[PDB]
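Here is the file my_file-v8.csv (CSV, C-alpha atoms).
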chain,number,residue,atom,x,y,z
A,320,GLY,CA,122.9,-38.7,27.1
A,321,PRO,CA,121.4,-41.2,29.6
A,322,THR,CA,118.0,-40.8,31.1
A,323,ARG,CA,117.9,-38.8,34.3
A,324,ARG,CA,115.8,-41.3,36.2
A,325,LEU,CA,116.0,-41.6,40.0
A,326,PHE,CA,113.7,-44.7,40.4
A,327,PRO,CA,115.3,-48.2,40.5
A,328,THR,CA,113.6,-49.6,37.4
A,329,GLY,CA,115.6,-52.3,35.7
A,330,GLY,CA,115.5,-55.9,34.6
A,331,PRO,CA,116.2,-58.5,31.8
A,332,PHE,CA,114.1,-56.8,29.0
A,333,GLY,CA,115.5,-53.3,29.2
A,334,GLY,CA,115.8,-50.1,31.3
A,335,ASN,CA,119.3,-50.7,32.4
A,336,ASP,CA,120.9,-47.7,30.7
A,337,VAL,CA,120.1,-45.4,33.7
A,338,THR,CA,121.7,-43.8,36.7
A,339,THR,CA,120.0,-43.0,40.0
A,340,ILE,CA,120.8,-41.5,43.3
A,341,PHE,CA,120.1,-44.5,45.6
A,342,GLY,CA,120.4,-48.3,44.9
A,343,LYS,CA,120.0,-49.5,41.3
A,344,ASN,CA,119.3,-52.9,39.7
A,345,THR,CA,121.2,-52.6,36.4
A,346,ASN,CA,121.3,-56.2,35.2
A,347,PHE,CA,122.2,-58.0,32.1
A,348,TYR,CA,125.4,-59.5,33.6
A,349,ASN,CA,126.8,-56.8,35.8
A,954,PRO,CA,135.7,-71.6,43.2
A,955,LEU,CA,134.5,-71.8,39.5
A,956,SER,CA,132.4,-74.9,39.1
A,957,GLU,CA,129.7,-73.7,41.6
A,958,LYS,CA,129.8,-70.3,39.9
A,959,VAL,CA,129.3,-71.7,36.4
A,960,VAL,CA,126.5,-74.1,37.5
A,961,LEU,CA,125.1,-71.0,39.3
A,962,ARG,CA,125.2,-69.1,36.0
A,963,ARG,CA,123.5,-72.0,34.2
A,964,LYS,CA,120.5,-72.1,36.7
A,965,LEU,CA,120.5,-68.3,36.6
A,966,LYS,CA,120.0,-68.3,32.8
A,967,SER,CA,117.4,-71.1,32.9
A,968,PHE,CA,115.2,-70.0,35.9
A,969,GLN,CA,115.7,-66.3,34.9
A,970,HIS,CA,114.1,-67.0,31.5
A,971,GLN,CA,111.2,-68.9,33.2
A,972,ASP,CA,110.6,-66.3,35.9
A,973,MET,CA,111.0,-63.5,33.3
A,974,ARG,CA,108.1,-65.1,31.3
A,975,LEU,CA,106.2,-65.2,34.6
A,976,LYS,CA,106.9,-61.5,35.1
A,977,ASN,CA,105.5,-60.8,31.6
A,978,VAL,CA,102.4,-62.9,32.5
A,979,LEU,CA,102.1,-60.7,35.6
A,980,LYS,CA,102.3,-57.6,33.4
A,981,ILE,CA,99.5,-59.1,31.3
A,982,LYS,CA,97.3,-59.7,34.3
A,983,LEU,CA,98.2,-56.3,35.8
A,984,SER,CA,97.5,-54.2,32.7
A,985,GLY,CA,93.8,-54.9,32.9
A,986,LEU,CA,93.5,-52.7,36.0
A,987,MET,CA,96.5,-50.5,35.2
A,988,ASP,CA,94.9,-49.0,32.1
A,989,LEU,CA,91.8,-47.9,34.0
A,990,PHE,CA,93.7,-46.6,36.9
A,991,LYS,CA,96.1,-44.7,34.7
A,992,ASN,CA,93.6,-43.0,32.4
A,993,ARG,CA,91.1,-42.3,35.2
A,994,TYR,CA,93.4,-40.0,37.2
A,995,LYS,CA,96.3,-37.9,35.9
A,996,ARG,CA,97.1,-35.5,38.7
A,997,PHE,CA,99.1,-38.2,40.5
A,998,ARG,CA,100.9,-39.2,37.4
A,999,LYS,CA,103.3,-36.4,38.1
A,1000,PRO,CA,105.2,-35.4,41.3
A,1001,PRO,CA,104.2,-32.1,42.8
A,1002,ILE,CA,107.9,-31.1,42.9
A,1003,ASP,CA,109.2,-31.0,39.3
A,1004,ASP,CA,112.2,-32.9,38.1
A,1005,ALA,CA,114.8,-30.1,37.6
A,1006,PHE,CA,115.1,-29.5,41.4
A,1007,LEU,CA,116.3,-33.2,41.7
A,1008,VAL,CA,118.3,-33.0,38.4
A,1009,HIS,CA,121.1,-30.7,39.9
A,1010,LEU,CA,121.5,-33.2,42.8
A,1011,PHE,CA,122.7,-35.9,40.4
A,1012,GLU,CA,126.1,-34.3,39.6
A,1024,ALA,CA,116.9,-26.2,48.5
A,1025,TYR,CA,116.7,-30.0,48.2
A,1026,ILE,CA,119.1,-32.4,50.0
A,1027,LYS,CA,119.4,-36.2,49.6
A,1028,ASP,CA,119.6,-38.2,52.8
A,1029,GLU,CA,119.4,-42.1,52.7
A,1030,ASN,CA,116.8,-42.0,49.9
A,1031,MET,CA,114.2,-39.4,51.1
A,1032,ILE,CA,114.7,-35.9,49.6
A,1033,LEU,CA,114.4,-33.0,52.1
A,1034,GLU,CA,113.1,-29.5,51.3
A,1035,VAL,CA,114.5,-26.6,53.3
A,1036,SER,CA,111.5,-24.2,53.2
A,1037,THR,CA,108.9,-26.5,54.8
A,1038,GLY,CA,110.7,-29.7,55.9
A,1039,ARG,CA,108.5,-32.3,54.3
A,1040,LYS,CA,109.5,-35.8,53.2
A,1041,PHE,CA,108.3,-37.2,49.8
A,1042,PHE,CA,108.6,-40.8,48.4
A,1043,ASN,CA,106.8,-39.7,45.2
A,1044,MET,CA,106.4,-41.5,41.9
A,1045,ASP,CA,104.5,-40.5,38.7
A,1046,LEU,CA,101.8,-43.2,39.2
A,1047,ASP,CA,103.3,-45.4,36.4
A,1048,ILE,CA,106.5,-46.7,37.9
A,1049,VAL,CA,104.8,-50.1,37.9
A,1050,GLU,CA,104.1,-50.8,34.3
A,1051,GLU,CA,107.6,-49.8,33.2
A,1052,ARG,CA,109.1,-51.9,36.0
A,1053,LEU,CA,107.1,-54.8,34.6
A,1054,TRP,CA,108.2,-53.8,31.1
A,1055,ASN,CA,111.6,-55.0,32.2
A,1056,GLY,CA,110.4,-57.2,35.1
A,1057,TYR,CA,111.7,-57.9,38.6
A,1058,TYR,CA,108.3,-58.5,40.2
A,1059,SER,CA,109.2,-61.9,41.7
A,1060,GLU,CA,106.4,-61.5,44.3
A,1061,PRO,CA,103.1,-59.7,44.5
A,1062,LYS,CA,104.5,-57.9,47.5
A,1063,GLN,CA,106.4,-55.7,45.0
A,1064,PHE,CA,103.0,-54.6,43.6
A,1065,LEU,CA,101.9,-54.3,47.3
A,1066,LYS,CA,104.8,-52.0,47.9
A,1067,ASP,CA,104.1,-49.9,44.8
A,1068,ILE,CA,100.4,-49.4,45.8
A,1069,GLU,CA,101.7,-48.6,49.3
A,1070,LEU,CA,104.0,-46.0,47.7
A,1071,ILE,CA,100.8,-44.7,46.0
A,1072,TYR,CA,99.5,-44.3,49.6
A,1073,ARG,CA,102.8,-42.6,50.5
A,1074,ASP,CA,102.3,-40.1,47.7
A,1075,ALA,CA,98.8,-39.5,49.1
A,1076,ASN,CA,100.2,-39.1,52.6
A,1077,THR,CA,103.2,-36.9,52.2
A,1078,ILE,CA,101.8,-33.8,50.4
A,1079,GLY,CA,98.5,-31.9,50.5
A,1080,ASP,CA,95.3,-31.3,52.5
A,1081,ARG,CA,92.6,-33.7,53.6
A,1082,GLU,CA,90.6,-34.0,50.3
A,1083,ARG,CA,93.5,-35.0,48.1
A,1084,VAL,CA,94.7,-37.5,50.8
A,1085,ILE,CA,91.3,-39.2,51.2
A,1086,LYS,CA,90.7,-39.3,47.4
A,1087,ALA,CA,94.1,-40.8,46.6
A,1088,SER,CA,93.6,-43.2,49.5
A,1089,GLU,CA,90.4,-44.2,47.7
A,1090,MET,CA,92.3,-44.9,44.5
A,1091,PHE,CA,95.0,-46.5,46.7
A,1092,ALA,CA,92.5,-48.9,48.1
A,1093,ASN,CA,91.0,-49.5,44.7
A,1094,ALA,CA,94.4,-50.8,43.6
A,1095,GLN,CA,94.5,-52.6,47.0
A,1096,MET,CA,91.2,-54.3,46.1
A,1097,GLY,CA,92.8,-55.2,42.8
A,1098,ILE,CA,96.0,-56.7,44.3
A,1099,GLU,CA,93.8,-58.7,46.7
A,1100,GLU,CA,92.6,-60.4,43.5
A,1101,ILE,CA,96.0,-60.8,41.9
A,1102,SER,CA,97.5,-62.3,45.1
A,1103,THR,CA,96.1,-65.8,45.2
A,1104,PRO,CA,97.7,-68.6,47.3
A,1105,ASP,CA,98.9,-70.7,44.3
A,1106,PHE,CA,100.6,-67.7,42.8
A,1107,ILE,CA,101.7,-66.8,46.4
A,1108,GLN,CA,103.5,-70.1,46.9
A,1109,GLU,CA,105.0,-69.9,43.4
A,1110,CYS,CA,106.2,-66.4,44.3
A,1111,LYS,CA,107.7,-67.6,47.6
A,1112,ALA,CA,109.6,-70.2,45.6
A,1113,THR,CA,110.9,-67.6,43.2
A,1114,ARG,CA,111.2,-65.2,46.1
A,1115,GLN,CA,113.9,-67.3,47.8
A,1116,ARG,CA,115.3,-67.9,44.3
A,1117,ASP,CA,115.5,-64.1,43.7
A,1118,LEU,CA,116.7,-63.3,47.2
A,1119,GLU,CA,119.6,-65.7,46.4
A,1120,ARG,CA,119.9,-64.0,43.0
A,1121,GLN,CA,120.2,-60.5,44.5
A,1122,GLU,CA,122.7,-61.6,47.0
A,1123,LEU,CA,124.9,-63.3,44.4
A,1124,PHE,CA,124.5,-60.2,42.1
A,1125,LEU,CA,125.6,-57.8,44.8
A,1126,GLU,CA,128.7,-59.9,45.6
A,1127,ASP,CA,129.3,-60.1,41.8
A,1128,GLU,CA,129.2,-56.4,41.3
A,1129,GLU,CA,131.5,-55.9,44.3
A,1130,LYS,CA,134.0,-58.5,43.1
A,1131,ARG,CA,134.1,-57.5,39.4
B,474,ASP,CA,87.7,-21.0,82.0
B,475,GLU,CA,91.4,-20.5,82.6
B,476,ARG,CA,91.6,-23.8,80.7
B,477,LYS,CA,89.2,-25.2,78.1
B,478,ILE,CA,88.6,-28.9,77.4
B,479,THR,CA,88.2,-29.0,73.6
B,480,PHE,CA,85.6,-31.3,72.1
B,481,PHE,CA,86.4,-33.8,69.4
B,482,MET,CA,83.5,-35.8,67.8
B,483,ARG,CA,84.6,-38.9,65.9
B,484,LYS,CA,82.5,-41.5,64.2
B,485,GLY,CA,82.9,-45.3,63.9
B,486,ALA,CA,84.5,-46.3,60.5
B,495,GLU,CA,92.4,-44.5,55.7
B,496,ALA,CA,91.3,-44.2,59.3
B,497,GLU,CA,94.8,-44.4,60.8
B,498,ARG,CA,96.0,-41.0,59.5
B,499,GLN,CA,92.9,-39.4,60.9
B,500,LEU,CA,93.6,-41.3,64.1
B,501,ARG,CA,97.1,-39.7,64.2
B,502,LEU,CA,95.5,-36.3,63.5
B,503,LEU,CA,93.0,-36.6,66.4
B,504,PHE,CA,95.6,-38.0,68.8
B,505,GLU,CA,98.4,-35.5,68.0
B,506,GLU,CA,95.9,-32.6,67.7
B,507,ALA,CA,94.7,-33.3,71.2
B,508,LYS,CA,98.3,-33.4,72.4
B,509,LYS,CA,99.2,-29.8,71.3
B,510,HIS,CA,96.4,-28.2,73.4
B,511,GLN,CA,96.8,-30.2,76.6
B,512,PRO,CA,93.2,-29.3,77.9
B,513,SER,CA,91.3,-31.4,75.4
B,514,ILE,CA,89.2,-34.6,75.0
B,515,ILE,CA,88.7,-37.4,72.5
B,516,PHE,CA,85.2,-38.7,71.9
B,517,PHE,CA,84.4,-41.7,69.8
B,518,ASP,CA,80.9,-42.5,68.5
B,519,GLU,CA,79.9,-46.1,67.7
B,520,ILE,CA,83.1,-47.8,68.8
B,521,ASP,CA,81.8,-51.2,67.5
B,522,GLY,CA,82.2,-49.8,64.0
B,523,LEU,CA,85.9,-49.6,64.7
B,524,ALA,CA,86.1,-52.4,67.3
B,525,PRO,CA,83.9,-55.4,66.4
C,474,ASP,CA,55.5,-22.0,40.4
C,475,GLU,CA,57.5,-19.9,42.9
C,476,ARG,CA,59.6,-22.7,44.4
C,477,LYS,CA,59.9,-25.7,42.0
C,478,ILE,CA,60.6,-28.7,44.2
C,479,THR,CA,63.0,-31.1,42.5
C,480,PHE,CA,63.2,-34.8,42.6
C,481,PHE,CA,66.1,-37.3,42.9
C,482,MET,CA,65.3,-40.9,41.9
C,483,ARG,CA,68.1,-43.1,43.1
C,484,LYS,CA,68.1,-46.9,43.2
C,485,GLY,CA,69.6,-49.3,45.7
C,486,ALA,CA,72.6,-51.2,44.4
C,487,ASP,CA,73.8,-48.7,41.7
C,488,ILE,CA,75.3,-46.7,44.6
C,489,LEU,CA,77.0,-49.7,46.0
C,490,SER,CA,80.0,-50.0,43.6
C,491,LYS,CA,83.1,-52.0,43.1
C,492,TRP,CA,85.9,-49.9,44.2
C,493,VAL,CA,86.3,-49.4,47.9
C,494,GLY,CA,84.2,-46.5,49.3
C,495,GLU,CA,83.5,-44.6,46.1
C,496,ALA,CA,79.9,-45.7,47.0
C,497,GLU,CA,80.3,-42.8,49.5
C,498,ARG,CA,81.3,-40.5,46.6
C,499,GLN,CA,78.2,-41.5,44.6
C,500,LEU,CA,76.1,-40.0,47.4
C,501,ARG,CA,78.5,-37.1,48.1
C,502,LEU,CA,77.7,-35.9,44.6
C,503,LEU,CA,74.0,-36.3,45.4
C,504,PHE,CA,74.3,-34.4,48.7
C,505,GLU,CA,76.1,-31.5,47.0
C,506,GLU,CA,73.4,-31.5,44.3
C,507,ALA,CA,70.9,-31.4,47.1
C,508,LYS,CA,72.1,-27.9,48.0
C,509,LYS,CA,71.8,-26.8,44.3
C,510,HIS,CA,68.1,-26.2,44.7
C,511,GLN,CA,66.8,-25.5,48.2
C,512,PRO,CA,63.5,-27.5,47.8
C,513,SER,CA,65.2,-30.8,47.1
C,514,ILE,CA,64.1,-34.3,48.2
C,515,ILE,CA,66.2,-37.4,48.0
C,516,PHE,CA,64.4,-40.6,47.1
C,517,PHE,CA,66.4,-43.8,47.9
C,518,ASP,CA,64.7,-46.7,46.3
C,519,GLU,CA,65.6,-50.1,47.9
C,520,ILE,CA,67.6,-48.8,50.9
C,521,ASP,CA,68.2,-52.4,52.0
C,522,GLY,CA,70.4,-52.7,49.0
C,523,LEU,CA,72.5,-50.1,50.8
C,524,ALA,CA,72.1,-50.8,54.5
C,525,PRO,CA,71.0,-54.3,55.6
C,526,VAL,CA,71.2,-55.8,59.1
C,527,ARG,CA,74.2,-57.4,60.8
C,528,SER,CA,73.6,-61.2,60.5
C,529,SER,CA,76.8,-62.9,61.6
C,530,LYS,CA,79.8,-61.0,60.1
D,474,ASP,CA,127.3,-59.2,86.1
D,475,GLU,CA,129.1,-60.3,82.9
D,476,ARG,CA,126.3,-61.9,80.9
D,477,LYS,CA,123.1,-60.1,79.9
D,478,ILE,CA,119.7,-61.6,79.6
D,479,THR,CA,118.6,-58.9,77.3
D,480,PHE,CA,114.8,-58.4,77.4
D,481,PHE,CA,112.9,-57.2,74.4
D,482,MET,CA,109.3,-56.2,74.9
D,483,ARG,CA,106.7,-55.9,72.2
D,484,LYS,CA,103.0,-55.1,72.5
D,485,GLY,CA,99.7,-56.4,71.1
D,486,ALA,CA,100.1,-55.8,67.3
D,487,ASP,CA,102.7,-53.1,67.8
D,488,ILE,CA,104.5,-55.1,65.1
D,489,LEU,CA,101.3,-55.5,63.1
D,490,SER,CA,99.9,-52.4,61.5
D,491,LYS,CA,97.7,-52.4,58.4
D,492,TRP,CA,100.8,-52.2,56.1
D,493,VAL,CA,101.9,-55.7,55.2
D,494,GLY,CA,105.6,-55.3,54.7
D,495,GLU,CA,106.5,-53.5,57.9
D,496,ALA,CA,105.6,-56.3,60.4
D,497,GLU,CA,107.9,-58.7,58.4
D,498,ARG,CA,111.0,-56.5,58.5
D,499,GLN,CA,110.3,-55.6,62.2
D,500,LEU,CA,110.2,-59.3,63.1
D,501,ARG,CA,113.4,-59.8,61.0
D,502,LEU,CA,115.3,-57.1,62.9
D,503,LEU,CA,113.8,-58.5,66.2
D,504,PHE,CA,115.1,-62.0,65.7
D,505,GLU,CA,118.4,-60.7,64.3
D,506,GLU,CA,118.8,-58.7,67.5
D,507,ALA,CA,118.0,-61.9,69.4
D,508,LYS,CA,120.6,-63.7,67.4
D,509,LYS,CA,123.4,-61.1,68.0
D,510,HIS,CA,122.9,-60.7,71.7
D,511,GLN,CA,122.9,-64.4,72.4
D,512,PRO,CA,121.0,-64.8,75.8
D,513,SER,CA,117.8,-63.0,75.0
D,514,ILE,CA,114.1,-63.2,76.1
D,515,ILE,CA,111.4,-61.8,73.7
D,516,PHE,CA,108.1,-60.9,75.2
D,517,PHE,CA,104.9,-60.5,73.2
D,518,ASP,CA,102.4,-58.7,75.4
D,519,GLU,CA,98.7,-59.3,74.4
D,520,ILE,CA,99.6,-62.2,72.0
D,521,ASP,CA,95.9,-62.9,71.6
D,522,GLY,CA,95.8,-59.7,69.5
D,523,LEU,CA,99.1,-60.1,67.7
D,524,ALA,CA,98.0,-63.7,66.8
D,525,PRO,CA,94.2,-63.4,66.8
D,526,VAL,CA,91.7,-66.2,66.2

Kindly present the structure from the file in structure tokens form.
Amino acid sequence: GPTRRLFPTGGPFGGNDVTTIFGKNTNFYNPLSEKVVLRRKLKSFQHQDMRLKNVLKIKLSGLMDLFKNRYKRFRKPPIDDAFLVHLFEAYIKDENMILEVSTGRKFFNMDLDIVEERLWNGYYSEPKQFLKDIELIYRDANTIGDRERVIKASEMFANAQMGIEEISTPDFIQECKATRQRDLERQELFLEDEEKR
Amino acid sequence: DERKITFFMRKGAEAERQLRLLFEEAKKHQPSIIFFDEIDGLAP
Amino acid sequence: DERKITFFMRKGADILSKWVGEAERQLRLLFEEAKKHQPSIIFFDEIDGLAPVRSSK
Amino acid sequence: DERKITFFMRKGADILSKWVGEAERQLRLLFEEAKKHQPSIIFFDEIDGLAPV
């Protein structure tokens, strides 16, 4: 049936037909005058900021292609998916970190691609989201392995850091703080909307 | 010789996990030491 | 004839790369190649392209 | 006695590591803790390192 994805990828373009363990941004839609003028500015500025997310995907793909075809070993978690599949309906789910019983180690692991398919849909209102994804690349370096794999994936981590130092420029930073307060207000209204409906 | 101060050579300049490794590794064997070389590489 | 001494011609700023510190790895590969042969010499042409002096930063 | 001047103490860049997003959320929980417990004094030891120049 639906895809067995645990990561919170979802936006206006697609990726909403999913079900994860922790928090999820499924979004197409789920007094009265403030709510309807709210919905009007939601549609308008969501279309404009969605075009800005697609432009961010355009200027991210130029480093994303090289950094996805250079290395492949971090494009897959070391713990395979079927151990987390039977937790949907050994490994135990806390707040969001999965715990293993045999060693006791804590993994925030992605498949080194959860960025391009997040910007396929698009909720990257700020470059701090790409900062957080590259910091999760560092977390995938940190959580599992010996010294060589940690320092080499920290090298690729800081390559992507040297890239996001080029994507994060203060004009785009001030535009992203404008749509950051807009999208903070958007996520607040959307959580109260999914609680009231 | 009933204790043994353990050497730890460290260079000057990621580095924060190796910093945690050298600080916690010196705090499981309590007779130990921490030595840094060229501290201006890590403290300009 | 009994011990062929090798050579390693390396330039200055080709080692200094974009990424972050993969410029280290470009000489890590050289140093592990330096223990392929035992009589191996490393020639760094234009070493000031690698290591110049502190000026003000 | 019945009111509490609650004293929060931070250190020189104890908030500020090299990760960008942790110092922000730490300062948000700091000032939210200041806003809940209403009389409160926040101390930043070595503020020449937390706010360098």

| Using all atoms listed in the file, which residues sit within 12 Å of residue 476 of chain B once same-chain residues fewer than 4 positions away are excluded, as a PyMOL selection string? | chain B and resi 510-513

| task | Using only C-alpha atoms, collect all residues at a distance of at most 10 Å from (61.6, -31.5, 39.5) as written in the file, then present them as a PyMOL selection string. | result | chain C and resi 477-481+510+512-514

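Here atom CA of residue 1003 of chain A and atom CA of residue 1048 of chain A stand 16.0 Å from one another.
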
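Among B:500, B:477, B:517, B:525, the residue with the shortest atom-to-atom distance to residue 529 of chain C, counting only C-alpha atoms, is B:525.
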
| How many Å lie between atom CA of residue 516 of chain B and atom CA of residue 495 of chain B, rounded to one decimal? | 18.7 Å

Pick out the chain D residues within 12 Å of chain B. Count only C-alpha atoms. Give them as a JSON list (two decimals) with C-alpha atoms, in the frame of the given file.
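Listed below is the output, iface_39.json:
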[["chain", "number", "residue", "atom", "x", "y", "z"],
["D", 490, "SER", "CA", 99.90, -52.40, 61.50],
["D", 491, "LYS", "CA", 97.70, -52.40, 58.40],
["D", 492, "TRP", "CA", 100.80, -52.20, 56.10]]

| Skipping near chain neighbours, those fewer than 3 positions away, what residues fall within 10 Å of segment 1109-1117 of chain A using all atoms listed in the file, listed as a PyMOL selection string? | chain A and resi 965+968-969+972+975+1057-1062+1102-1106+1120-1124

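In chain A, the set of residues within 10 Å of chain C (atoms considered: only C-alpha atoms) is residues 1086, 1088, 1089, 1090, 1091, 1092, 1093, 1094, 1095, 1096 and 1097 of chain A.
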
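Atom CA of residue 476 of chain C to atom CA of residue 503 of chain C spans 19.8 Å [interatomic distance, one decimal].
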
| message | Taking 6 positions as the minimum chain separation for residues in the same chain, which residues sit within 12 Å of residue 488 of chain D when counting all atoms listed in the file? Answer as a ChimeraX atom specification. | response | /D:482,494-503,517-520,522-524

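Proximity ranking of A:1081, A:958, A:995, A:324 relative to chain B places A:1081 first, based on all atoms listed in the file.
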
So that each row is one residue of chain B with an atom at most 10 Å from chain A, can you give its shortest atom pair and the distance in Å to one decimal, using all atoms listed in the file, rows by chain and rising number, as CSV?
residue,atom,partner,partner_atom,distance
B:495,CA,A:1088,CA,6.4
B:496,CA,A:1085,CA,9.5
B:498,CA,A:1076,CA,8.3
B:499,CA,A:1081,CA,9.3

Go ahead and write the selection's residues with C-alpha atoms as a PDB file, keeping the file's coordinate frame.
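The result, stored in out_3.pdb:
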ATOM      1  CA  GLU B 495      92.400 -44.500  55.700  1.00  0.00           C
ATOM      2  CA  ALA B 496      91.300 -44.200  59.300  1.00  0.00           C
ATOM      3  CA  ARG B 498      96.000 -41.000  59.500  1.00  0.00           C
ATOM      4  CA  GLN B 499      92.900 -39.400  60.900  1.00  0.00           C
TER       5      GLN B 499
END

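Near (69.4, -48.4, 46.3), the residues that fall inside 12 Å on the basis of all atoms listed in the file are residues 482, 483, 484, 485, 486, 487, 488, 489, 490, 496, 499, 500, 515, 516, 517, 518, 519, 520, 521, 522, 523, 524 and 525 of chain C.
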
Sorted per-residue table, chain A near chain D, closest atoms and distance, 10 Å, all atoms listed in the file, as JSON lines:
{"residue": "A:1062", "atom": "CA", "partner": "D:494", "partner_atom": "CA", "distance": 7.7}
{"residue": "A:1063", "atom": "CA", "partner": "D:494", "partner_atom": "CA", "distance": 9.7}
{"residue": "A:1065", "atom": "CA", "partner": "D:493", "partner_atom": "CA", "distance": 8.0}
{"residue": "A:1066", "atom": "CA", "partner": "D:494", "partner_atom": "CA", "distance": 7.6}
{"residue": "A:1069", "atom": "CA", "partner": "D:492", "partner_atom": "CA", "distance": 7.7}
